[PDB]
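The structure under discussion appears below in the form of structure tokens.
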2 protein chains.
Amino acid sequence: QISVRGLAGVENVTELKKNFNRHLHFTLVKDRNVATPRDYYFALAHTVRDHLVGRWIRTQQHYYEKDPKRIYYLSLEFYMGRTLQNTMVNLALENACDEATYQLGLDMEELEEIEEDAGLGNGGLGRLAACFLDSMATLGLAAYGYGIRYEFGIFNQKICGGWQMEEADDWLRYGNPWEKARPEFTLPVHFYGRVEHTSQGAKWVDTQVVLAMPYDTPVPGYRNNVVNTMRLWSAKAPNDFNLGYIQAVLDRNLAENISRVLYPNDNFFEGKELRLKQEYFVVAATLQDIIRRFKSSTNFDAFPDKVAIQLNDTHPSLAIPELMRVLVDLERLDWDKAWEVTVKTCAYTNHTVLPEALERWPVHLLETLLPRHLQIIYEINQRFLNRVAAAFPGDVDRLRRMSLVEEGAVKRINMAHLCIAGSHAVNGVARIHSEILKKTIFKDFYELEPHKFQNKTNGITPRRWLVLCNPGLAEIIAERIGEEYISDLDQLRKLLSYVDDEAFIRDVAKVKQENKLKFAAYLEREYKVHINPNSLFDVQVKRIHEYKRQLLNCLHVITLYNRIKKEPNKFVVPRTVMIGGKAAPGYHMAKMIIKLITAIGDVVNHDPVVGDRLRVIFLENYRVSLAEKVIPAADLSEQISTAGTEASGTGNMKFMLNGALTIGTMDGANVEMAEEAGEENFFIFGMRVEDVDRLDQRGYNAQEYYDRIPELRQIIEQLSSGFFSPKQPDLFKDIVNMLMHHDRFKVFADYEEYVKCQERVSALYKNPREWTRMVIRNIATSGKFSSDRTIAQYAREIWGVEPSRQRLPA
Amino acid sequence: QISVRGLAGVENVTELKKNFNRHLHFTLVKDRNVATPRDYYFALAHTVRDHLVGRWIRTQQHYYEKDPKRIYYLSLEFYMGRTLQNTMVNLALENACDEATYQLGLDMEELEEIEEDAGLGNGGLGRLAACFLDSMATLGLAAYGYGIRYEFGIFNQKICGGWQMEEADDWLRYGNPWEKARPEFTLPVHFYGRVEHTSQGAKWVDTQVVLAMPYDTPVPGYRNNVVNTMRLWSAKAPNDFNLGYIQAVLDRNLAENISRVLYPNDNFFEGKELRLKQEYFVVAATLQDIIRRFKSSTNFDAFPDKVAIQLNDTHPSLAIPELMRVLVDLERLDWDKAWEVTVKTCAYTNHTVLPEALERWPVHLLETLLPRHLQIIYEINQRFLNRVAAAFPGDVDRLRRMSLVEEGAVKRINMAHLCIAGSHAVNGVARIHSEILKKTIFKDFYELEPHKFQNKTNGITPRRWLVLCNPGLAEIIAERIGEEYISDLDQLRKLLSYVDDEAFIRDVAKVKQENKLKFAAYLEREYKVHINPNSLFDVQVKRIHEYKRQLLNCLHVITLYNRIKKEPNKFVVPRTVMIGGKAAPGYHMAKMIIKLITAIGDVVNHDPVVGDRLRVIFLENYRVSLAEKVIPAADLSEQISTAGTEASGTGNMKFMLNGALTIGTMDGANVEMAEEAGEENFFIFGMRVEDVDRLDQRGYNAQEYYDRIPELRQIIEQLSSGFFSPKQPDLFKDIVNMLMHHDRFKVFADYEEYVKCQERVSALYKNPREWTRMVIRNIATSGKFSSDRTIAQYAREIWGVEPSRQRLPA
Ligand SMILES: Nc1ccn([C@@H]2O[C@H](CO)[C@@H](O)[C@H](O)[C@H]2O)c(=O)n1
Ligand SMILES: Nc1ccn([C@@H]2O[C@H](CO)[C@@H](O)[C@H](O)[C@H]2O)c(=O)n1
Ligand SMILES: *Cc1c(COP(=O)(O)O)cnc(C)c1O
Ligand SMILES: *Cc1c(COP(=O)(O)O)cnc(C)c1O
């Protein structure tokens, strides 16, 4: 059908069809008379999977022959989403498969909607890992993703009575055709026990053993025949476990619960034992696998030359003391040499500066669960502080500030401090975030070892986030500059020479209109909700959190509503305000924010005077597959976190690449995006980081804004009086109280400028031609935000390996 | 290689090889350089499985088109064993596969040893179900096996320090290539709740829901292209289950524990709630499936004409009140009509008369778990007793004896009484057992409804128990009378005309010698134990239980030992005494019996004076795959249960078909076996049922035998004094005490005659020619014991369907 989707050759279509029927028969054991759409989806998935195996096997054989340096990306989250379409895109089988299923009398798009999302992540951090695996394979790096195969991923969100309800994400129910169990490579992981000091070295004994069973999933690069591996561990009890009889067998669940479910917290630390077990489980099994592969290439001096371990945040920070444990206790290396190897092998990536998100584990927990690791951590701390004391003689407070051990009610281990000490590189995820790390929370560490600190601005893969979700846009772009940009996004700059091209302007605007129509139809299909395709699509999708300020968006919405009710017969640009995202189960304020959003919709969407001029919809169960649908349909991207809180953000990049203009604060990557496109082509507003600091030094008093802004006051009074909750007048008392007395994120401080900026957005939307020209300038300068650029920088500046675009023989 | 194993055509071998490589590559994702024997086993299994699918699909389509009466065999146990070789035998692919793997450079026998046993059973009852499925498919019946897919089957037995140790049977660890999950057919099962009585009928509400997910396994008939289905249910929690957040997800295990593990009891009832849940779980899911299939053929009058439900013991007895519940509460039929349908649909098979094995569930358990079913049971009881009262006016004791409700400390429901009342047929499993049912425990029921009582003597499938495990014997037999006997075992009688044939006598004896050599080699291979292949193989394999009297065997062994020590330089026929079997985890006496056996071996096997004249080995982890190895190698089959206790026995039939002579009591099927072969060709001894009764009436006093039998006294003194347990002189005090004061099975009463009979066995073994001629007379008359004969009788006399030998188009 379309160019970028590959060729539909006669031979290939014929071969796909026969293999499709073969799997339906032999694999699914069904016939065309009893087969259901799900059956057809699986027949197609297995057919596509077959094309991966040959490449998968030779890629791994290749790495064996050449023995390049291996990159191990450790993460407790991999937000993969669906795999079928992505695989077809990277293998250039999309048009062929579409034609083949068409000839078999089936609609491939219908079949793609049957695949469950692999929701093994919470949000940005997990999605970044997913985009990174794609870029590493596309850049020909010998990389391996290592994580946990959760039986239940992020919960499915249902909205009942306007409230979020959670339900188990049983994503493996019908089976996962993409994974391959490798029980032959099962490894043991130890817990509890005690430390015994003998003649030669310490020994960790009397431990409880839990088996780690690996499952491998292929990660295809973009049309280069490279297929890397993502290995996820599953917990299994040994057969002699707890071995009345019946109970012992039933108690096997205790050990296997380790890989049962993903903790649903976004930017928030919960110090539960089960979570600590998951963190060690992934680290212990992974390191054994790494060392095994290394030995099958004694001389650990070359370990750093053949291995690179990237820690996605502090979640897998135990890799540092675990590596030391193995080298010292098992391999018998002296401490100093072991430490040298560890530091040169590990690298740490920080993703946030929010205090409540940093991991600080209670010493009593580590003491009971991992006694040997606690001893190693103390030793690491002791030697680290000796170095600090020698560099800053007499600075006793610096010593207490930099310690890995925090004193107080309960002693805790600061995992971030542990990561900085044991890594040769520490990076932030956006220029401003990395600068904040050096000026604030890690200032002491930066002064001790300035060379360790770097920046690696985040990115997104243009395969899934452009070609896959927006083929219409990828096509009109390819028509003008070719297909090369898909693996070299910087080429989009060439589109700048078409900003005055009347044909292109029309095509860009047409693609957007088509996406909006398709999404508007979807909302009625699966959610039965009417919306005006002609209105401006104002969307904010991301996890619900106070720092992301969905509340500021709500205030604007209510303002628009009050203004209409004030001057009913006055013209206003029609808007469809869409807000979506999940709230962590135990985050009360976040759940109240979702309720407020639906409550506003209940009032606004049923007011006759408003008509189709303003709609407020809450997008239920926001996840990767839904993002691929709503982002291509958006006109306005809301990125309004309080300056200094959103480390980078990645959703912002997805919107920019797909034709949406951005309204946001100078926070995270927004700064670099505005810098690339030009501030005149971005809708910036609000306090800058320096302004927030000034306000804090002076003291933030929300009452002041309430007293001086009539429109704001009216909104707060509506909330308090029950205007949005008739039957429950004080339903939103907590929200008002927080906004008025303890708003850590200064919602009111940016209200005026936000509303003003939004007016400028509406003014531009009234001029179709100029709105589209600004969109073109955004798309044309989004090249820097490709994860291929990010990974190439990690490769050269941290891992010490050269990326490759060379194809492998198919 | 051998005739009975089929042809190895050029086309077939070529096709098998290419498909083998295809699966190794595409299915296992491996190459010949990294593939392990397990990998090769799976490549072969998938290759063989492919040949099943076509036949499997058309067989089921066939039943849809013709709509014959369906047979549903409900059992909580299906002792299947391995599936690879059995599938090849029934599809006539054995020689072709052997040749193909040979050309690929692999030993197929080595690969077959890698497959885990499907140990979803405890012993005879479970194995019978397995043999029955094979015969039903071979006889072209539209039959379905329905059970539970236990995650853990019968435990693996390890022997440590002479004691049994149990370990989880994680048989699904590497995956099961034979099963096909059918999540699309998942059904809900209800538990707890309460009964609500409304205007029209009762309603079962406020129940907890557990999902039943089916897994289908193909059951191929013998070379007739018929492939039936065995559907096993797996427990799954609904996604809204218990829906802090984390705990709710983890608690899903509570519901899924229902299908976690098989209760390891043989001939013993344990009234645990979890077991009751398993029984209802299989019954509820199965009945919904049956009715669904029936409706997809309102007129429930024809239900009995299209459906037959066979209850394997009382384990699935809840099917009776569950069927009533559905017809009355859901379909709205009047009681009388519903009862008529139920009775004509259900049939019950009793497998034992031991009081401790009968199911008697506490009313308080049913009351809490299945409130509606308890009400229905009371109603059934009320109407049943009204019928008894009308037939035997004034006989109040009969009323209390026949009630389904037993009074006492705690009220219980007698499931056996429930089954007789709600079934149109009740059968025993051997002539003598069925007669005992009518004369004793079910005497009252027989007098009320004589027509319901039948006999269906058990049998074993000659495919697995002859062709598969003893190809050498199947071959020499086929050489003389053809291959027809494999599906018509009665033809073995033609072998009677070869009893004087010198060539045949030599071949029969040669096959046995080869089997013994092969097994002797196996014992050293996997268990490192030396044995003399020239000695007589005296084996007793079956679950450990006091009624099976492994203790009587031990007494004989010790007698042989003492006699040798008494007259060292006297000649005696060399013997290798092999005893094997698992003991239920909570059965103390059974565990002490295993310890005694090993202790005897410790003494006997290391006594220089004995030499290679006597060896005592305990066969560890006895299971189906081990039975297929030891039975073909046995010379003497020990079937020595106390007369009246072994309902039928089936191991006895396996030994008879494979060339072993039998020493046993006139119990169970032994009676019919001796009758078929002729008592002169059987080694019968001991009390007959009538003798046991006489002894009980008089009072069994073990002391009497101890006082009058010097040799017996010596043995008891050796046991008591610690002769077999030096470091622990009183280790076997419990055994001695039981034997002397409370032996329910009169071990001493049969001692003298047993020892005497054993001497007659040794005398015959000294004459090779005559021993073999007697063996030939046994093999030649074992035809009656084929499960094809048993099933044909069930079909005609109970289910009302005609068996068919006609092939289906392949
Ligand atoms: N636990 C955490 C910490 C940070 N983050 C997020 O990670 C992404 C990727 O770097 C950032 O772009 C985002 O700004 C940050 O909040 C997250 O999703 N979860
Ligand atoms: N729970 C029980 C009850 C009887 N049985 C057994 O069933 C078989 C098959 O009919 C009989 O041959 C055997 O005699 C009996 O003990 C058993 O294995 N388990
Ligand atoms: C891209 C993405 C995110 C991250 O969005 P931000 O706005 O950067 O927080 C979160 N969830 C999903 C499903 C995503 O695709
Ligand atoms: C045949 C068989 C049985 C039944 O044996 P009996 O001696 O009749 O009790 C038990 N276990 C296995 C593994 C069998 O194959």
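Chains: A, B, ... in order of the structure tokens. Residues: from 1 per chain. Ligands: from 1, in order shown.
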Handout entry: Every residue of range 470-666 of chain B that DSSP places in helix (DSSP H, G or I), as number ranges by chain
Key = B: 471-481, 484-487, 489-498, 502-527, 546-548, 550-566, 588-604, 624-633, 651-657
Handout entry: Within 9 Å of ligand 4 (only C-alpha atoms and all ligand atoms), residues as a ChimeraX atom specification
Key = /B:79,81,119,121-128,460,540-543,548,581-582,622-628,638-639,646,648-654
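Candidate residues B:679, B:112, B:372, B:92 were compared for distance to residue 207 in chain B, and the nearest is B:372, using only C-alpha atoms.
Across the structure, CA of residue 166 in chain A and CA of residue 238 in chain B are spaced 13.0 Å apart.
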Exercise for the section: Return as a PyMOL selection string the residues belonging to chain A that are within 6 Å of chain B, counting only C-alpha atoms. Expected result: chain A and resi 167-168+239-240
Practice task
Might you pull out every residue within 10 Å of residue 342 in chain B, with only C-alpha atoms counted and same-chain residues fewer than 2 positions away left off, and present them as an MDAnalysis selection string?
Solution key: chainID B and resid 303:304 308:309 319:324 327 336:340 344:347 422:424
